[PDB]
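Asker: Dropping in run.pdb, which is PDB, C-alpha atoms:
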```pdb
MODEL        1
ATOM      1  CA  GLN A   1     195.875 116.395-115.450
ATOM      2  CA  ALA A   2     194.166 119.692-116.207
ATOM      3  CA  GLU A   3     194.449 119.583-119.996
ATOM      4  CA  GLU A   4     194.333 123.257-120.957
ATOM      5  CA  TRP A   5     190.586 123.814-120.839
ATOM      6  CA  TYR A   6     189.589 120.679-118.930
ATOM      7  CA  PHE A   7     190.479 121.541-115.344
ATOM      8  CA  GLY A   8     188.316 118.790-113.902
ATOM      9  CA  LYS A   9     185.768 118.759-111.092
ATOM     10  CA  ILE A  10     186.806 122.136-109.708
ATOM     11  CA  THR A  11     184.093 123.814-107.670
ATOM     12  CA  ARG A  12     182.646 127.227-108.516
ATOM     13  CA  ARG A  13     184.512 129.029-105.724
ATOM     14  CA  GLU A  14     187.860 127.491-106.722
ATOM     15  CA  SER A  15     187.199 128.493-110.314
ATOM     16  CA  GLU A  16     186.179 132.052-109.395
ATOM     17  CA  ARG A  17     189.440 132.553-107.486
ATOM     18  CA  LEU A  18     191.291 131.583-110.670
ATOM     19  CA  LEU A  19     189.110 133.566-113.085
ATOM     20  CA  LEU A  20     188.759 136.781-111.055
ATOM     21  CA  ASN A  21     192.415 137.644-111.581
ATOM     22  CA  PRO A  22     192.611 141.288-112.778
ATOM     23  CA  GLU A  23     195.497 140.224-115.028
ATOM     24  CA  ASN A  24     193.170 137.926-116.986
ATOM     25  CA  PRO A  25     191.947 139.229-120.363
ATOM     26  CA  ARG A  26     188.356 138.916-121.580
ATOM     27  CA  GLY A  27     188.042 135.498-123.129
ATOM     28  CA  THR A  28     189.658 133.573-120.297
ATOM     29  CA  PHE A  29     187.722 130.307-120.195
ATOM     30  CA  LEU A  30     187.805 126.843-118.656
ATOM     31  CA  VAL A  31     185.512 123.837-118.379
ATOM     32  CA  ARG A  32     184.748 122.454-114.948
ATOM     33  CA  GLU A  33     182.993 119.193-114.191
ATOM     34  CA  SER A  34     179.932 119.932-112.077
ATOM     35  CA  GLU A  35     179.601 117.761-109.000
ATOM     36  CA  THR A  36     176.518 119.701-107.938
ATOM     37  CA  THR A  37     174.946 118.768-111.256
ATOM     38  CA  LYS A  38     176.169 115.340-112.321
ATOM     39  CA  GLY A  39     176.413 114.623-116.020
ATOM     40  CA  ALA A  40     176.979 118.278-116.794
ATOM     41  CA  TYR A  41     180.002 120.463-117.379
ATOM     42  CA  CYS A  42     180.426 124.210-117.199
ATOM     43  CA  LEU A  43     182.364 126.309-119.660
ATOM     44  CA  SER A  44     183.015 129.370-117.566
ATOM     45  CA  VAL A  45     184.263 132.461-119.368
ATOM     46  CA  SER A  46     185.630 135.645-117.838
ATOM     47  CA  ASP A  47     183.965 138.633-119.496
ATOM     48  CA  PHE A  48     184.889 142.266-119.043
ATOM     49  CA  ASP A  49     182.660 145.315-119.061
ATOM     50  CA  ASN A  50     183.815 148.831-118.174
ATOM     51  CA  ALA A  51     180.801 149.090-115.904
ATOM     52  CA  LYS A  52     180.625 145.655-114.297
ATOM     53  CA  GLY A  53     184.321 144.855-114.234
ATOM     54  CA  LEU A  54     185.581 141.317-114.731
ATOM     55  CA  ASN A  55     182.448 139.192-114.639
ATOM     56  CA  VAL A  56     182.420 135.422-114.889
ATOM     57  CA  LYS A  57     179.774 134.052-117.212
ATOM     58  CA  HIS A  58     178.911 130.463-116.350
ATOM     59  CA  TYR A  59     177.680 128.665-119.449
ATOM     60  CA  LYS A  60     176.349 125.163-118.937
ATOM     61  CA  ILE A  61     177.570 122.176-120.912
ATOM     62  CA  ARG A  62     174.601 119.845-121.241
ATOM     63  CA  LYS A  63     175.036 116.224-122.269
ATOM     64  CA  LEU A  64     173.067 114.454-124.964
ATOM     65  CA  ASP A  65     172.734 110.722-124.370
ATOM     66  CA  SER A  66     173.028 110.124-128.106
ATOM     67  CA  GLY A  67     175.227 113.016-129.199
ATOM     68  CA  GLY A  68     177.722 114.592-126.847
ATOM     69  CA  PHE A  69     178.077 118.030-125.303
ATOM     70  CA  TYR A  70     176.326 121.318-126.053
ATOM     71  CA  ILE A  71     176.080 124.687-124.323
ATOM     72  CA  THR A  72     173.138 125.780-126.437
ATOM     73  CA  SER A  73     170.576 124.038-128.674
ATOM     74  CA  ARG A  74     172.531 125.243-131.696
ATOM     75  CA  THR A  75     176.054 123.884-131.813
ATOM     76  CA  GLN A  76     176.522 120.326-130.592
ATOM     77  CA  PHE A  77     179.790 118.405-130.450
ATOM     78  CA  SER A  78     180.622 114.809-129.569
ATOM     79  CA  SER A  79     183.634 115.865-127.492
ATOM     80  CA  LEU A  80     184.698 118.680-125.162
ATOM     81  CA  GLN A  81     187.712 119.577-127.313
ATOM     82  CA  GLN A  82     185.526 119.771-130.408
ATOM     83  CA  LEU A  83     183.271 122.166-128.489
ATOM     84  CA  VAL A  84     185.866 124.617-127.143
ATOM     85  CA  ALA A  85     187.868 124.561-130.378
ATOM     86  CA  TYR A  86     184.839 125.754-132.361
ATOM     87  CA  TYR A  87     183.619 128.197-129.703
ATOM     88  CA  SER A  88     187.123 129.679-129.790
ATOM     89  CA  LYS A  89     186.355 131.094-133.229
ATOM     90  CA  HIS A  90     182.583 131.287-133.254
ATOM     91  CA  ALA A  91     181.140 132.158-129.851
ATOM     92  CA  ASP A  92     177.704 131.266-131.222
ATOM     93  CA  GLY A  93     175.900 131.630-127.893
ATOM     94  CA  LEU A  94     178.597 133.245-125.766
ATOM     95  CA  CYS A  95     179.104 137.010-125.849
ATOM     96  CA  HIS A  96     182.809 136.482-126.453
ATOM     97  CA  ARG A  97     184.620 133.684-128.291
ATOM     98  CA  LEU A  98     186.982 131.469-126.303
ATOM     99  CA  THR A  99     190.266 133.337-126.503
ATOM    100  CA  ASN A 100     192.618 132.111-123.796
ATOM    101  CA  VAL A 101     192.365 129.375-121.204
ATOM    102  CA  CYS A 102     192.464 130.163-117.482
ATOM    103  CA  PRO A 103     196.079 130.141-116.240
ATOM    104  CA  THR A 104     196.868 128.173-113.095
ATOM    105  CA  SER A 105     199.860 128.332-110.776
ATOM    106  CA  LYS A 106     199.781 124.901-109.162
TER
ENDMDL
END
```
If you took the structure in this file and wrote it as structure tokens, what would it be?

Answerer:
Amino acid sequence: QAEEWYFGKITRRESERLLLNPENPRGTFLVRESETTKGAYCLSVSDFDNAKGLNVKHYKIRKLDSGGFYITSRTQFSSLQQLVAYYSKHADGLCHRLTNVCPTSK
């Protein structure tokens, strides 16, 4: 099951098709499991600039072997939920805090 943020091992192209919906607001995020980089996730957020348009910013979720998950060497969480939940309020490294999760239709 794609639990809100955790869509699973969806490839970049599949994710882009979902994120690049003009009806998506800035802050649309989701975490994919990278098969092209095993042991790593990707919190991909859809940004919006009135000069670039809707642009998907692929942040990388690195794994600590004695810690958990972290997108940047600042905030580190022992679970994916713990990560997104915090980054929803404090972007910390992202340009925009996690606002809404990418909507699917299947």

Asker: To verify the selection step, state as a list in words which residues the PyMOL selection byres ((chain A and resi 20) around 8) yields on this input.

Answerer: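 Taken over the shown coordinates, the PyMOL selection byres ((chain A and resi 20) around 8) returns residues 16, 17, 18, 19, 21, 22, 24, 46, 54, 55 and 56 of chain A.
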
Asker: Distance table requested - stretch 27-83 of chain A against stretch 93-105 of chain A, cut-off 12 Å, all atoms listed in the file: one row per qualifying residue with the closest atom pair and its distance in Å to one decimal, ordered by chain and rising residue number, as CSV.

Answerer:
```
residue,atom,partner,partner_atom,distance
A:27,CA,A:99,CA,4.6
A:28,CA,A:100,CA,4.8
A:29,CA,A:101,CA,4.8
A:30,CA,A:101,CA,5.8
A:31,CA,A:101,CA,9.3
A:32,CA,A:102,CA,11.2
A:43,CA,A:98,CA,9.6
A:44,CA,A:102,CA,9.5
A:45,CA,A:98,CA,7.5
A:46,CA,A:102,CA,8.8
A:47,CA,A:96,CA,7.4
A:48,CA,A:96,CA,9.6
A:49,CA,A:95,CA,11.3
A:55,CA,A:95,CA,11.9
A:56,CA,A:95,CA,11.6
A:57,CA,A:94,CA,8.7
A:58,CA,A:94,CA,9.8
A:59,CA,A:94,CA,7.9
A:60,CA,A:94,CA,10.8
A:61,CA,A:93,CA,11.9
A:70,CA,A:93,CA,10.5
A:71,CA,A:93,CA,7.8
A:72,CA,A:93,CA,6.6
A:73,CA,A:93,CA,9.3
A:74,CA,A:93,CA,8.2
A:75,CA,A:93,CA,8.7
A:76,CA,A:93,CA,11.6
A:81,CA,A:98,CA,12.0
A:83,CA,A:98,CA,10.3
```

Asker: What does the distance from atom CA of residue A:3 to atom CA of residue A:63 come to in Å, to one decimal?

Answerer: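 Atom CA of residue A:63 lies 19.8 Å from atom CA of residue A:3.
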
Asker: Go ahead and compute the interatomic distance for atom CA of residue A:38 and atom CA of residue A:26, in Å to one decimal.

Answerer: 28.1 Å

Asker: Please indicate the distance in Å from atom CA of residue A:9 to atom CA of residue A:65, rounded to one decimal place.

Answerer: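 Going from atom CA of residue A:9 over to atom CA of residue A:65, I get 20.3 Å.
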
Asker: May I have the centre and edge lengths, in Å to one decimal, of an axis-aligned box around the listed atoms of stretch 11-26 of chain A with 3 Å added to every side, as JSON?

Answerer:
```
{"center_x": 189.1, "center_y": 132.6, "center_z": -113.7, "size_x": 18.9, "size_y": 23.5, "size_z": 21.9}
```

Asker: Excluding same-chain residues fewer than 4 positions from residue A:10, what lies within 9 Å of it counting all atoms listed in the file, as a PyMOL selection string?

Answerer: chain A and resi 14-15+31-35

Asker: Under the rule that all atoms listed in the file are counted, which of A:37, A:68, A:80, A:92 is the nearest residue to residue A:7?

Answerer: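 Checking each candidate against residue A:7, we get A:80 as the closest.
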
Asker: Counting only C-alpha atoms, figure out which residue out of A:50, A:36, A:79, A:66 gets nearest to residue A:6.

Answerer: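 Among the listed residues, the smallest separation from residue A:6 belongs to A:79.
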